[PDB]
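*Asks:* Chains as they are written, first to last, in PDB author numbering: chain C, 83 to 535; chain B, 82 to 535.
Beta carbons are placed, not taken as given, at the ideal position from N, Cα and C, and that holds for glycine.
Below are the structure tokens for one structure; questions will follow.
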Ligand SMILES: Cc1cc2nc3c(=O)[nH]c(=O)nc-3n(C[C@H](O)[C@H](O)[C@H](O)COP(=O)(O)OP(=O)(O)OC[C@H]3O[C@@H](n4cnc5c(N)ncnc54)[C@H](O)[C@@H]3O)c2cc1C
Ligand SMILES: Cc1cc2nc3c(=O)[nH]c(=O)nc-3n(C[C@H](O)[C@H](O)[C@H](O)COP(=O)(O)OP(=O)(O)OC[C@H]3O[C@@H](n4cnc5c(N)ncnc54)[C@H](O)[C@@H]3O)c2cc1C
């Protein structure tokens, strides 16, 4: 048919864009290669986070700092956790399916799509035209270029979350947050974990205090780390042995029962034949867009993980809505990602919003930093867990908050406030003027703001 | 020609805050403490209640959780260990509070009970002391109700219960406030049948209806017994193993218990002060009256903290202490701004309020517009498999500015801080929709609540 807007994808960006597009009264189509919903609902956020909740519960049941308690944690039936998880993602995706019946405008086309023309695509054999296109194809697990991994029984973020047999030992190869979250997940479920990465600092992109802190907590909990490693080759023997490579000038090997690969996530632009539609691709295989989400083709827009931006679901939905506003309705709204929060749901949780110290220096600010150890926050003390940090990056001249970086329990709830401070230009003085609830983690912010001479 | 520049009666949050801010001005100050240094929050109040609450939450999650594959269990609790460890923690913490005894080498710790004998002098331990300025940060103490028989009875208070080292098989709580809820749920999670009794027909009468209904639903779901709308007539005791209660809704009923906790209120400690000898006004509820600057009827006597029967929180006490010091020392005529005070009831689910309720905003004259979001709509609550709560949003229909936020959810005390920033600095619901919210966090609820306006 001659659609008004054709969407390649079914993720958060595809859904936000489809809704906002039907609001304008346009006939739209949703082309999905596989299972509807995208990554976050089925193989991404939701499963990881619910399983992480279970793991945190059993971890507190097995080892807690309070003496009088007589708690214990037995062996885990992972099959049950995974089946219940799948029931939850199915229920949730079903709560997302209210958009097929309702919004009775858009048409669900199932199949792999490829571009054949500047205005038409081909899927499952048939051709489809449209006045506007949205490429919200997302990203998929990326692989490293290390010997032996080719023919090997390795797991990815998606495959590990299907495993129904707890490995006695799991090795993670990844510098990102997914490797940490899944690693700690299986450590709390009863498994000796070994994190391996080439970067010499845990979470290389964060501030030094954050890396040192989260690393200290991870080592304290019992996760083994292998930093600064140079990966040469990996081998497998009878599905009951693994391998590793040199580190710090000494050839070492790490045998494991399972191997997880968390290198990165590559955009799914290969099968699109973007060159047949005049859509430029970047050095990292992404899709290039302008401030309005428009590609080199005037009537093809892109949003989500496929555009190498902050690979988060909320950014994907935001970008979808804005892009739709630009393509349909003409409203020239720019994509504002100047303040995007990031949460690594380990315990202690890592959380960032705004600029780091090095980033604020690069931007040209006259930076003033204040670092507060978690043992200074009352809530961390009464909880008898004080491994963390609150970092505050401000402008020494105007006192405006440029960035907040936290390592503490449920820090994902605190950085929202920090976001409000950064976006709306609140000063540290403002943070001291506001009353903070005693024995909450948010109090950390105030206590960090009370660190300027 | 006097003994001190500023003399403080008390050692609580207000006393220390005022001492710090006063030494900053370079003034000779004194701290008169009747008993144990640190005040209520460190020794008998916040810190103990919340650390024990943390333990109780841990054991409760160990005994009952919604995730199937987990095989966790929780045995009988050794309360003695929890209480001794608690005391070790408050000792460590008060010891960290002593850093002000040397870092701020100005103030002098005088120990003894003080009473006023003149408009400008006090008496402690026999000796008299003059000062150009006075701060009455005497705090509050557990109050008792007017019900027959409780006078001669082995009842517990907020301070005594935190010392109990034997888990009662059944504990009855008499209180409409948050302390009763916190301690009640604490001992419920420690393995004890709890029964909350109050005269108000709605849990937390001052909060919004949805908040009361929700938190009540969670308490009943957990297994806490509630007795609302009760008229308290008499209570009896027999051999330290039996208790009593009174009629409710027109049917005389009785609640037998192994222990009885009283959380009615907290009376200011103004009796032993002889304020009438210094010309300091007291209110109908035995409090100390102050103006907008914290100044009493006596020009050179200020007051701050719980004795000033205002929002009875430690952060409000410290704030009031600092401001009062600014007024008395330094002359700066700064008013006490309590227009945005957060409140947290650290039960699970946690209750959290900041700003105006719906009825309060209507009374103030606003054209109110509310948005209520059930907790089962928040992703983080869903993945956690605990969805008993609510997000209520009170806004101004004209300017869309956020007037108040009220939440019932896990660790909601961390979220309302954001809400505070929204209320204090006049952010609109549209502003909350413009901001990107982290997925699978409870703070996201705020955004989801802002996305409910037609
Ligand atoms: C383990 C894990 C944890 C994560 N945790 C978080 C988190 O905590 N917070 C967070 O914000 N983000 C998280 N993410 C990332 C998040 O899932 C993504 O940022 C988000 O889903 C992006 O949405 P999207 O629409 O852009 O792409 P996607 O949601 O991935 O959707 C892509 C869809 O496009 C389809 N498709 C692909 N190629 C084609 C083609 N050629 N033709 C037709 N259809 C095609 C696919 O079948 C898929 O359904 C996580 C990811 C993983 C793997
Ligand atoms: C169980 C419980 C839990 C609580 N939880 C919280 C919470 O979570 N958050 C929160 O914000 N607040 C909480 N509070 C309240 C909080 O502790 C108080 O509001 C706060 O301590 C008030 O500080 P203050 O200095 O005004 O009074 P206080 O801290 O009580 O200080 C009073 C001091 O004055 C001294 N004094 C009294 N009379 C005399 C006299 N005649 N002469 C000399 N000295 C005298 C006493 O020795 C005492 O040390 C809680 C209270 C209780 C009981």
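Please name the residue or residues paired with residue 376/B in a DSSP beta bridge.
*Replies:* 383/B
*Asks:* Name the DSSP beta bridge partners of residue 255/C, please?
*Replies:* BP columns for residue 255/C point to 278/C, 343/C.
*Asks:* Three or more C-beta pairs closer than 8 Å, one from the region 152–172 of chain B and one from the region 322–333 of chain B: is that the case here?
*Replies:* At 8 Å Cβ cutoff, the stretches do not touch.
*Asks:* Within the 8 Å Cβ cut-off, does residue 347/B reach chain C?
*Replies:* no
*Asks:* Am I right that residue 98/C and residue 399/C are in contact with their C-beta atoms under 8 Å? What's the rounded C-beta distance?
*Replies:* 4 Å
*Asks:* I'd like to know whether the C-beta of residue 423/C is nearer than 8 Å to at least one C-beta of chain B.
*Replies:* Judged by the 8 Å Cβ criterion, residue 423/C is in contact with chain B.
*Asks:* Taking CB distances under 8 Å as the criterion, tell me whether residue 520/B reaches chain C.
*Replies:* yes
*Asks:* DSSP three-state label for residue 234/C, please.
*Replies:* In this structure, residue 234/C counts as coil in the three-state DSSP scheme.
*Asks:* What residues in the region 244–267 of chain B have a beta carbon less than 7 Å from any beta carbon of chain C?
*Replies:* Look at the region 244–267 of chain B: it has no residue with a C-beta under 7 Å from a C-beta of chain C.
*Asks:* Along the chain, where does the alpha helix (DSSP H) containing residue 307/B start, and where does it finish?
*Replies:* Counting along the chain, residue 307/B falls outside any alpha helix (DSSP H), though it belongs to the beta strand (DSSP E) covering 306–308.
*Asks:* Which residues, taken in chain order from the region 482–496 of chain C, show a beta carbon closer than 8 Å to some beta carbon of chain B?
*Replies:* Residues passing the 8 Å Cβ filter: 492, 494, 495, 496.
*Asks:* Let me confirm a value: residue 369/C is counted as buried when at least 16 other C-beta atoms fall within 10 Å, else exposed. Which label applies?
*Replies:* buried
*Asks:* If we define contact as Cβ-Cβ less than 8 Å, is residue 523/C a contact residue for chain B?
*Replies:* yes
*Asks:* Is residue 85/B buried or exposed, if buried means 16 or more other CB atoms sit within 10 Å of its CB?
*Replies:* buried
*Asks:* Tell me residue 85/B's beta-bridge partners as DSSP assigns them.
*Replies:* 212/B
*Asks:* Is there a C-beta anywhere in chain B that falls below 8 Å from the one on residue 157/C?
*Replies:* yes
*Asks:* Who are the neighbours of residue 146/C on chain B, taking C-beta pairs under 7 Å?
*Replies:* 139
*Asks:* Identify each residue in the region 389–401 of chain B for which the Cβ-Cβ distance to at least one residue of chain C is less than 8 Å, and report them in chain order.
*Replies:* 394, 395, 396, 397, 400
*Asks:* Please identify, using Cβ separations under 8 Å, the residues of the region 113–135 of chain C that lie next to chain B, in order along the chain.
*Replies:* Taking 8 Å as the Cβ-Cβ cut-off against chain B, the residues of the region 113–135 of chain C that qualify are 122, 127, 128, 131, 132, 135.
*Asks:* May I ask whether a heavy atom of ligand 2 can be found less than 7 Å away from the beta carbon of residue 265/B?
*Replies:* no
*Asks:* So with CB distances below 9 Å, who are the chain C contacts of residue 227/B?
*Replies:* Chain C residues near residue 227/B: none, gap ~31 Å exceeds 9 Å.
*Asks:* Across the region 249–264 of chain C and the region 167–181 of chain C, are there enough close Cβ pairs to call them in contact, namely three or more that are closer than 8 Å?
*Replies:* Taking 8 Å as the limit for Cβ pairs, the verdict is that the region 167–181 of chain C does not touch the region 249–264 of chain C.
*Asks:* Beta carbon of residue 275/B, beta carbon of residue 255/B: below 8 Å?
*Replies:* no
*Asks:* For my contact list, residue 532/C and residue 514/C are in at a C-beta cut-off of 8 Å; report their separation, rounded to the angstrom.
*Replies:* 6 Å
*Asks:* Could you give the distance in angstroms between the alpha-carbon of residue 445/C and the alpha-carbon of residue 439/C?
*Replies:* 10 Å
*Asks:* Expressed to the nearest angstrom, what Euclidean distance is found between the alpha-carbon atoms of residue 432/B and residue 266/B?
*Replies:* Answer to the nearest angstrom: the Cα atoms are 13 Å apart.
*Asks:* Is the region 326–341 of chain C close to the region 306–318 of chain C, with three or more CB pairs under 8 Å?
*Replies:* yes
*Asks:* Determine, using beta carbons only, whether residue 215/B comes closer than 8 Å to chain C.
*Replies:* no
*Asks:* Could you tell me which chain B residues have their CB closer than 8 Å to the CB of residue 464/C, listed as they occur along the chain?
*Replies:* 128, 131, 132, 135, 170
*Asks:* What is the C-beta distance between residue 498/C and residue 460/C, in whole angstroms, given that I count them as a contact (C-beta under 8 Å)?
*Replies:* The Cβ separation is near 21 Å, so there is no contact.
*Asks:* Candidates 152/B, 240/B, 207/B, 213/B: which alpha carbon is nearest residue 381/B's?
*Replies:* 213/B
*Asks:* By a C-beta neighbour count over all protein chains shown, 10 Å radius and 16 as the cutoff for buried, is residue 407/C buried or exposed?
*Replies:* buried
*Asks:* In angstroms with no decimal places, state the Cα-to-Cα distance between residue 506/C and residue 113/B.
*Replies:* 44 Å
*Asks:* What does a CB cutoff of less than 8 Å around residue 525/C pick up in its chain, not counting 5 residues either side in sequence?
*Replies:* 459, 460, 461, 518, 519
*Asks:* Buried or exposed for residue 333/C, please, with buried defined as at least 16 other CB atoms from any protein chain shown within 10 angstroms of its CB.
*Replies:* exposed
*Asks:* When we look at the beta-carbon of residue 335/C and count the other beta-carbons within 10 Å, is it buried (16 or more) or exposed?
*Replies:* exposed
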